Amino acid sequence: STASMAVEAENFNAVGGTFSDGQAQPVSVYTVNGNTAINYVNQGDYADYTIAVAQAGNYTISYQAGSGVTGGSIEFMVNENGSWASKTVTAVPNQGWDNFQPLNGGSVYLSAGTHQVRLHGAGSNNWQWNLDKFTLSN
């Protein structure tokens, strides 16, 4: 029943958000120290992923995330019946925008099948967090 899926944050299928950050897209990509990551993530911004799950299970969520402010949080959601269901919300420690640290995101039950996952800038701050990748582990 062991399974592990690392999803690169830069490999979103869509991004969105209202915050005016002056960029071409509401969430941007950059590289630092060979880590490609999403940045310019603001409050209300989100990044959508499609994930194929062979093995049903209660997966643990781990983010490689960083922030340079207090008040960023990653809300992990799954689309269930054309309706986003909030799964976990995780504050991101303020240890520097480029300083990615493993961050425990709680757990989410994923059936065998294909899931739409949303990572949403859920905290109070105008600026939220940067994200290298996240890993789902059973």
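Don't overthink the numbering: it's just position in the shown sequence, from 1.
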item: Residue stretch of maximal mean CA temperature factor, 126 to 134 vs 10 to 18; value: 10 to 18
item: Of 81 to 89 and 37 to 45, the one with larger mean CA B-factor; value: 81 to 89
item: Highest recorded Cα temperature factor - choice among 107, 31, 73, 95; value: 31
item: Third of the chain, ranked by Cα B-factor, where residue 25 sits; value: highest
item: Residue 50 - Cα temperature factor, lowest/middle/highest third of chain; value: highest
item: Ranked C-alpha temperature factor of residue 64 among modelled chain residues, by third; value: lowest
